[PDB]
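Taking it in order: structure first as structure tokens, then the write-up.
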Amino acid sequence: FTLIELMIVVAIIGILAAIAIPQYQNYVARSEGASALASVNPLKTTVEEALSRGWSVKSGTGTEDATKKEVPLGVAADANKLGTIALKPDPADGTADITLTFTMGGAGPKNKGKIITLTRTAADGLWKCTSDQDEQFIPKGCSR
């Protein structure tokens, strides 16, 4: 046991860590982005099916309403602790553009507060994904 042998040990560990820690963080950041997108992507089908039958869509976990012709999304706003899910306009009947968003309020330093948006243009019924995260953490298929 000597001070030189100690300094080298500490030097080795400090280097392997200085390299790995930033990589781990980056990996977590990419994973958060994918999880946010995966929580709203399935909801596009719920929107399309309601519209294709002349009905509207509403947020929340209520029941189908035959009087007002509204279908619920079936998921609580905070079901995924990474953030919050939102629909706009609410309710939506397809005569105007629609957005499904996931706001990452519970994410780590890199993504905290960033937003992933799925936009449906009423004219042609096409969906497009955009994000305001740092480019390196944006999911494949989405853009700024």
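Sequence positions for chain A are given in Swiss-Prot numbering; the residues included correspond to 7-150, in order.
Looks like X-ray crystallography, 2.0 Å, at least that's what the header says.
Note that Cβ sites are derived from N, Cα and C of the backbone, with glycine treated the same way.
Taken from Swiss-Prot, the feature transmembrane segment applies to 7-27, supported by sequence analysis.
Taken from Swiss-Prot, the feature N-methylphenylalanine covers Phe7. Counting every protein chain shown, the number of other Cβ atoms lying within 10 Å of the Cβ of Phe7 (N-methylphenylalanine) is 4.
Among the features that Swiss-Prot reports, disulfide bond is placed at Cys135-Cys148. Under the DSSP three-state reduction, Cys148 (disulfide bond) is assigned to coil, being neither helix nor strand.
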